[PDB]
Every structure is written in C-alpha cells, then in structure tokens.
C-alpha cells in the first residue's frame, strides 16, 4: 500500500535490477510500466507480477529501445494512455557496451563511446525531459541507477561506461536542484557488483559470470560484506528513495550500495 495509486515507469525492467524493482513497486500497489527490448524476458517480468495477484490493468509492458525518440515516446505515451499520469521515473536501463574485439582501455573506439553514452546518459536525459512536465503536475520523483564506476576511483578498462556514469551523477545532482523548485525529488543509487544479466550482456558466459561472483564475494578486498549483491538489494533502495514520506529529506544524492567495494584501496589487497 506504500505506492497505491502511483504510476511508476521502470526502464530496463525486462531483466536484472529493473525487473525486481518493478515487481516490488507492483506489490506495493503501484501502476507500473515495464519496458525493454527482449519481448520474451519482458513478458517474464509481466508474469512474475501477475502471479503476485496484481491485475494486468495495473501493468503496462512496452517493447522499445530507450535510446530512440520513438521508443522513449512510446514508453511515456502508453503510460499516460493507460494511467493518465506519471508519479515516478526510474532511469535503470544501462550497460557496459563491449567492443567487437574485447578492446579495453584508452584504445576503445569512439563508436563504443557514442553507443555507451547514448544509453547510459543521453537516454536518461531525454526520459527526464519528457517526463518532466508530468512530474511537475504530480510533484513526482526520479530515481536514477548509476554505479561506483563513476568514481572517485579510476576505471581504466571500460572508460566510456565509467565517464557516462560520472556525467550521470552530476546530472542527478543538477536536475535535483533545478527540479526541487517544482516539488520534485530526484535521487539515485550507485550499485557495486550485483548478480543480474549485466555480465551476460557484456558477452560473459553464465559459468564465467558465476566464477566472477564467487571470487568477488569470497575476497574481502573485493567485496568486504562477503556476499554478492542481489537485485533486491538495489530495488529496496530505489523504493526507499521513491517513498517521499520516508526518504523525504534526501535530495540530489546517489546512495552507494557496493558491500564496501569502493572503500578498499588497491594496496589493501596485499598484507
């Protein structure tokens, strides 16, 4: 009942963090617009929600590319058409786009740059501007999903993904102050490693990804808390930030949720 009568758009909800976030919002009694590119996985999210006893009248699934004008327009229009308003936008869609040759570092082509920023930054900007007037009317909120790769530590392998998130953080802070005069609250969450479809999207096989998780989780210099992040761990923070009654006074912040990963220095990997 936390979000009863609230319409929430969750980008990237056809998998990972976005999927679980939409599921929680739904269970919380909210109208949810779930979206992604893979029709099969998007429906899977829809099914998880229906099996919850939640009506399909409270769910709007949209197959679209969030980096295209038409895709963005479809997400916004279908939500208003089915719900008549927008209370919260969660810019969750994102990915570390790899090169065709697994190239990392300064050598990554400018094409990777363009593709990564278009998704991890530009889309966030366009969705924000398009939902803006609707949030002004509903005195709504925005919750962006960033990453500790934004900084303050260097990220020398997937540099464009890193700088796009760094730009995201200042975009979150800046629109938060700008939109605050209209009663809107903009915040963010910067996850550390979380088990989702992220690594698979990068080209990592399921078995290699599992090996990645176990190593990270079992070494304290990697993840101090000793456990791999799970989708719910981030979804919980997103809902908290969207619950004005609870997180009200937090504004323009991106909460780091990384089990302590960003607090450990490279030298500390050695005794």
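Positions refer to the first chain, counted from 1.
Across the two stretches, 161 to 169 and 123 to 131, the PDB entry reports the greater mean Cα temperature factor for 123 to 131. According to the PDB record, 74 to 82 carries the higher mean C-alpha B-factor of the two stretches 74 to 82 and 150 to 158.
Remark: of 202, 239, 225, 222, 202 shows the highest value [criterion: C-alpha B-factor in the PDB entry]. Each of 177, 90, 97, 194 has a CA temperature factor in the record; the biggest one is found at 97. Residue-level temperature factors show residue 103 in the highest third of its chain, judged at the C-alpha atom. Residue 110 sits in the highest third of its chain by CA B factor, as recorded in the PDB entry. Per the deposited record, the Cα B-factor of residue 48 falls in the highest third when ranked against the other modelled residues of its chain.
In this PDB entry, the Cα temperature factor of residue 62 sits in the top third of its chain's modelled residues, the highest group. When the modelled residues of the chain are ordered by their C-alpha B factor, residue 34 lands in the middle third.
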